[PDB]
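Protein sequences appear in the order of chains A and B. Under the authors' numbering, the final residue of the first sequence carries the number 141; numbering is consecutive throughout. Going letter by letter, the second sequence gives residues 69 to 148, 179 to 204 in the authors' numbering. Beta carbons are placed, not taken as given, at the ideal position from N, Cα and C, and that holds for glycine.
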Amino acid sequence: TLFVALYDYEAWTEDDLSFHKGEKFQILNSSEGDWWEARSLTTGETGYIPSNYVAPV
Amino acid sequence: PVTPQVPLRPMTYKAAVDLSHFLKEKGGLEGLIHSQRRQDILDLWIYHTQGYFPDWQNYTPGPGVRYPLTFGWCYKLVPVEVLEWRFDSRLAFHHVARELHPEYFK
Numbered sequence: 085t086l087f088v089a090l091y092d093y094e095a096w097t098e099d100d101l102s103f104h105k106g107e108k109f110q111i112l113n114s115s116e117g118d119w120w121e122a123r124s125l126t127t128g129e130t131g132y133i134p135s136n137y138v139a140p141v
Numbered sequence: 069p070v071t072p073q074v075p076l077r078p079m080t081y082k083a084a085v086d087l088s089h090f091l092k093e094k095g096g097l098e099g100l101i102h103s104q105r106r107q108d109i110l111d112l113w114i115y116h117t118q119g120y121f122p123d124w125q126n127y128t129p130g131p132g133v134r135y136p137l138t139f140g141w142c143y144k145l146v147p148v179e180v181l182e183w184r185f186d187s188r189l190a191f192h193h194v195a196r197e198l199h200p201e202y203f204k
């Protein structure tokens, strides 16, 4: 149940997580819709990400 | 604007405040003349990049200063009709538009 970025995403607000294509994520929440709370396995930093920007491994 | 569309999400008070400050810091909106066309373009950009449905940036009718309906959006439109976008942090604490024009919240 681990995911990987398909595109780069530059966040505007601090509640969102910026990431680069080829970044790895642990999904912390999928219940609140299509923005997911996730943790960057590269920085450890948590934040919201657009689910359509990631794909299962 | 060539980055794939992010999913929809509701504009909240918090998102509106964060967004206001983000745009203030980036700069460009402060002291920009307001056309409805310019408003729409901004809304679409924010919609495409941030997923907020473009129905949150409505202001109070003229004449004079134009106040934001969405509490937390800290921009209003200032005469000299010729309008400019103008930041006002007060709008995060006082919901002016609901005070002056209560008829948009019923």
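Give the straight-line distance between the Cα atoms of residue i and residue j, rounded to the nearest whole angstrom.
i	j	result
B/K82	A/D99	10 Å
B/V194	B/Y135	7 Å
B/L91	B/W124	16 Å
A/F109	A/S124	5 Å
A/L90	A/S135	10 Å
B/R196	B/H89	22 Å
B/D111	A/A122	27 Å
B/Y202	B/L189	17 Å
A/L112	A/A139	15 Å
B/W113	B/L100	16 Å
A/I133	A/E94	10 Å
B/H199	A/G128	46 Å
B/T117	B/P72	8 Å
B/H192	B/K144	13 Å
B/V74	B/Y115	8 Å
Where do the ends of the beta strand (DSSP E) carrying residue i lie?
i	result
B/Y143	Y143 to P147
A/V138	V138 to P140
A/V88	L86 to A89
A/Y132	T130 to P134
How far does the alpha helix (DSSP H) with residue i in it extend, from its first residue to its last?
i	result
B/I114	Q104 to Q118
B/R184	It is not in any alpha helix (DSSP H) - B/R184 instead sits in the beta strand (DSSP E) that spans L181 to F185.
B/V85	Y81 to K94
B/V194	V194 to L198
Just to confirm, are residue i and residue j a CB contact at a threshold of 7 Å?
i	j	result
B/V146	B/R184	yes
A/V141	A/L101	no
B/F139	B/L76	no
A/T126	A/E107	yes
B/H102	B/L137	no
Please list, in chain order, the residues of the segment 107-140 of chain A that have any C-beta partner in chain B closer than 8 Å. Within the segment 107-140 of chain A, the residues whose Cβ lies closer than 8 Å to some Cβ of chain B are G117, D118, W119, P134, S135, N136 and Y137, listed in chain order.
Contact residues within the segment 181-201 of chain B, judged by C-beta distance below 9 Å to chain A: If the cut-off is 9 Å between Cβ atoms, the segment 181-201 of chain B has nothing near chain A.
Any beta strand (DSSP E) of 3 or more consecutive residues that is wholly inside the segment 89-128 of chain A: If we require 3 residues or more, the beta strand (DSSP E) runs fully inside the segment 89-128 of chain A come out as 108-113 and 119-124.
Looking at chain A, which residues of the segment 126-139 of chain B have a Cβ within less than 7 Å of any of its Cβ atoms? Those would be none; no residue qualifies.
Could you name the residues of the segment 109-127 of chain B whose beta carbon sits closer than 8 Å to any beta carbon of chain A, in the order they occur along the chain? Near chain A, meaning a CB-to-CB distance below 8 Å, the residues of the segment 109-127 of chain B are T117, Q118 and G119.
Taking Cβ-Cβ distances below 8 Å as the criterion, which residues of the segment 74-100 of chain B are in contact with chain A? For the segment 74-100 of chain B, which is checked against every Cβ of chain A, the residues closer than 8 Å are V74, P75, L76, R77, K82, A83, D86, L87 and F90.
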